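K.L.:
here's my sequence, what's the structure:
(chains A, B, C and D)
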Amino acid sequence: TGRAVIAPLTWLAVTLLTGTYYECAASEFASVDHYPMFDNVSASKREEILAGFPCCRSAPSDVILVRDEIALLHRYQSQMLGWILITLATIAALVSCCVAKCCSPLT
Amino acid sequence: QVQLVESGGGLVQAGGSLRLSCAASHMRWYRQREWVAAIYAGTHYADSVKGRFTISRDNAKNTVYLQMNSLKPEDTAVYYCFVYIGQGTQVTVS
Amino acid sequence: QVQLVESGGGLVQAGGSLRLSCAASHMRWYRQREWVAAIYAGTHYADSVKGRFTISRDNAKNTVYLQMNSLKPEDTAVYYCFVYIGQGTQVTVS
Amino acid sequence: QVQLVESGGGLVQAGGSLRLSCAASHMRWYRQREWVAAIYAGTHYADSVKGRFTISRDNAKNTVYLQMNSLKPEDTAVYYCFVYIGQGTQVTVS
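P.N.:
Numbers count the residues shown, from 1 in each chain, chains lettered A, B, ... in the order given. The protein structure is shown below:
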């Protein structure tokens, strides 16, 4: 089992460390209540700009700094997620070995 | 029911000053569409128009004033108002 | 039953102003054929004429007005209207 | 209840001296936004303007005065006061 799962876990850890997948995946779930500039009372242009800025739409119109911050946050969050996963994985492995050393009839 | 009307426009040559007033019955200023300035008294200015533009608003008159100094022909465009979209008035510099 | 008739053609010197009035008995504007502007009061312009031409329609007169500002001889062409192809008028700038 | 208003600016030729007076009802100077000088009565200055600007405050008048010497057109900017942001005044040197 360990050799079977070592490849996808490495895949997931590398992807979460890189953070680009997390950036292009969790951008539309960002928070806008903190930013007064992202009010967008129309309730429509907010989501299109939220989905469109992370990809290639730089648009240096006094917005980039704001978007930069959000990216950083996601990156930070991304790292944490990856780290957490690794820790949990390790713990699981240990407890699995414990089962292999508790439920095994063999000496 | 809130109506936005742009006032104070016209034609001013290079080196002059212009004042833009919008009546509203967190404001934004735009030109064409290019973002210009926004207010909360906290104020923001675009880099392309930084060092030149000034925006202020007073709650008593429910009007927003934009101060403009040493205008140049490079900013020949119609200015719109945002918060609902204002009518927008054309301003030309020659 | 709807015929687009355009008025305002002739000869205008460089840097002048002209009004091309198209009467209709979501409109588009083309020049020759190249797209110029599109209206519904949202207006769109090509980057060639961005900030130069202004298109406005009114349902009271069923007419569409395009404002030609900062005219030059380089833009000498014939302007057509589209909803059906407008006949158009040739505008020459010297 | 504390308000900051700037005074003493204007147009001054190169090589002259000008006085900035700000009314307040530990102050720093900003030009635009670049930091200029700070006060306690110890004062701190930036290298780009060091040796030309001197800032002093008096508690009796509850005002801050900055002495600018050998002004040049290269530093043409509007100067703001920070303790809250002052309105500021525009200075131009020919």
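
K.L.:
got the buried residues for the helix or strand hosting residue A:3?
P.N.:
Per DSSP states H and E, residue A:3 falls inside helix A:2-18. Using 16 or more other Cβ atoms under 10 Å in any protein chain shown as the test for burial, helix A:2-18 gives A:12, A:16. Every residue, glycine included, has its C-beta placed from N, CA and C.

K.L.:
same check on stretch B:77-89?
P.N.:
In stretch B:77-89, counting by 16+ other Cβ under 10 Å, buried: B:77-83, B:86, B:88-89.

K.L.:
in three-state terms, how would the residue of chain A found nearest chain B be classified?
P.N.:
Using Cβ to the nearest Cβ, the single residue of chain A nearest to chain B is residue A:61, 4.5 Å away. Look at residue A:61: counting by DSSP: H, G, I helix; E, B strand; the rest coil, its state is coil.

K.L.:
ditto for residue B:36
P.N.:
strand.

K.L.:
in stretch A:70-89, which residues are buried?
P.N.:
So for stretch A:70-89, counting by 16+ other Cβ under 10 Å, buried means A:70-71, A:74, A:78, A:81-82.

K.L.:
what's the closest of those residues to residue C:23?
P.N.:
residue A:70 (50.5 Å; Cβ to Cβ).

K.L.:
now render the buried residues of stretch A:70-89 as CSV, adding secondary structure.
P.N.:
Compiled in CSV, those are given as follows (three-state DSSP):
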residue, secondary structure
A:70, helix
A:71, helix
A:74, helix
A:78, helix
A:81, helix
A:82, helix
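
K.L.:
before we move on, the earlier item: among the buried residues of stretch B:77-89, give me the pair with the biggest separation.
P.N.:
Using Cβ to Cβ, the buried residues of stretch B:77-89 span at most 20.0 Å, a distance reached by B:77 and B:83.

K.L.:
Three-state assignment for residue B:3, please.
P.N.:
Residue B:3 is classified as coil under three-state DSSP.

K.L.:
report how many residues lie close to the residue lying closest to it once chain neighbours are set aside.
P.N.:
Computed as Cβ to Cβ, 6 or more residues apart in numbering or on different chains, the closest residue to residue B:3 that is not its neighbour in sequence is residue B:25, at 5.7 Å. Residues lying near residue B:25 (other Cβ atoms under 10 Å in any protein chain shown) number 8.

K.L.:
where exactly do the helices run in the chain?
P.N.:
Reading this off chain A. A:2-18, A:20-25, A:45-52, A:64-100 (DSSP state H).

K.L.:
for the first one, output the C-alpha coordinates as CSV.
P.N.:
Same thing as helix A:2-18. Extracted as CSV, the C-alpha positions of helix A:2-18 are listed here (Å, rounded to 0.1, in the frame of the first residue of the first chain):
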residue,chain,number,x,y,z
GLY,A,2,2.8,2.5,0.9
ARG,A,3,4.5,2.1,-2.5
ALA,A,4,1.1,2.3,-4.1
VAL,A,5,0.2,5.6,-2.5
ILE,A,6,3.7,7.2,-2.4
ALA,A,7,3.3,8.6,-5.9
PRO,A,8,-0.1,10.5,-5.6
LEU,A,9,1.0,11.9,-2.2
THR,A,10,4.2,13.2,-3.7
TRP,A,11,2.1,14.6,-6.6
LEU,A,12,-0.2,16.4,-4.1
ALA,A,13,2.6,17.7,-1.9
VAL,A,14,4.5,19.1,-4.9
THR,A,15,1.4,20.7,-6.4
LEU,A,16,0.4,22.3,-3.0
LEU,A,17,4.0,23.6,-2.5
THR,A,18,4.0,25.1,-6.0
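
K.L.:
what is it packed up against?
P.N.:
Counting contacts by 3 or more Cβ pairs under 8 Å, 6 or more residues apart in numbering or on different chains; DSSP states H and E, helix A:2-18 is packed against helix A:20-25, helix A:64-100.

K.L.:
so which residues on chain B come close to chain A?
P.N.:
B:26, B:34-35, B:38, B:40, B:44-47, B:83-84 (Cβ under 8 Å from any Cβ of the partner chain).

K.L.:
and of those residues, the nearest to residue A:28?
P.N.:
residue B:35 (22.2 Å).

K.L.:
give me every residue that touches the closest one.
P.N.:
Listed by Cβ atoms under 8 Å, 6 or more residues apart in numbering or on different chains, the contact set of residue B:35 reads A:61-63, B:28-29, B:46.

K.L.:
mind listing the helices for chain B?
P.N.:
Going by DSSP H, chain B shows no helices.

K.L.:
now it against chain C: closest residue?
P.N.:
Here chain B gets closest to chain C at one residue, residue B:77, 5.4 Å apart by Cβ to the nearest Cβ.

K.L.:
near chain D, which residues of chain B are found?
P.N.:
Close to chain D, as judged by Cβ under 8 Å from any Cβ, chain B has residues B:50-51, B:69.

K.L.:
OK, contacts around the residue lying closest to residue B:55 once chain neighbours are set aside?
P.N.:
In space, and not counting its chain neighbours, residue B:55 is closest to residue B:37: 4.4 Å by Cβ to Cβ, 6+ apart. By Cβ under 8 Å, 6+ apart, residue B:37 lies in contact with B:28-29, B:43-46, B:49, B:53, B:55, B:66.

K.L.:
do that again at 7 Å, thanks
P.N.:
If you count contacts by Cβ atoms under 7 Å, 6 or more residues apart in numbering or on different chains, residue B:37 has them with B:29, B:43-46, B:53, B:55, B:66.

K.L.:
which of those residues are buried?
P.N.:
By neighbour count, with 16+ other Cβ under 10 Å, those hold B:29, B:44-46, B:53, B:55, B:66 as buried.

K.L.:
wait, which of the helices and strands packed on helix A:2-18 is closest to chain D?
P.N.:
Going by Cβ to the nearest Cβ, the one of the helices and strands packed on helix A:2-18 nearest chain D is helix A:64-100, 14.3 Å.
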